[PDB]
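Working notes for the structure below.
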Amino acid sequence: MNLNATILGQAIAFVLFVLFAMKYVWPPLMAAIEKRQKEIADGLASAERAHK
Amino acid sequence: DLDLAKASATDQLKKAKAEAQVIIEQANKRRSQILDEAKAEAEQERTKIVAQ
Numbered sequence: 012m013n014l015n016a017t018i019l020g021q022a023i024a025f026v027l028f029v030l031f032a033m034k035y036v037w038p039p040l041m042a043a044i045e046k047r048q049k050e051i052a053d054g055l056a057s058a059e060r061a062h063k
Numbered sequence: 059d060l061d062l063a064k065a066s067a068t069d070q071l072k073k074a075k076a077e078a079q080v081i082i083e084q085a086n087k088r089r090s091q092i093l094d095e096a097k098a099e100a101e102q103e104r105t106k107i108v109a110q
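First to last, the sequence lines map onto chains X and B.
The first sequence begins at 12 in the working numbering and counts up by one.
The second sequence begins at 59 in the working numbering and counts up by one.
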């Protein structure tokens, strides 16, 4: 259809949505993962060193 | 298993320790027997040799 100023109005909401998700959702939901992986590793290092 | 690796390891070690030393306790008893007998018979043979 016809190009419209909407192209610029939406670039705002886009770029800002990216930050208000990045700064407060992404590192948190990766923290909830990594903090469990750090634990999954310990049980295995236990079992192996205990066999030894 | 990370509890086992102490609770049972130390007991295997202790039992082996105690038996490793009481083997030698019996062996010391045996050398007591031997070095008693070494004199006990030698003196009888002396009392034969000088009666001869």
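In this text, a Cβ means the ideal position worked out from N, Cα and C, and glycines have one as well.
Following the DSSP letters along the chain, one finds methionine 41 of chain X inside the alpha helix (DSSP H) bounded by residues 37-62.
For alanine 58 of chain X, the nearest CB of chain B lies under 7 Å from its own CB, placing it at the interface with that chain. At a cut-off of 7 Å, the C-beta of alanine 61 of chain X has a neighbouring C-beta in chain B. Neighbours of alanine 63 of chain B in chain X, taken as residues at a C-beta separation under 9 Å, are given in chain order as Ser57, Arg60, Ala61, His62 and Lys63.
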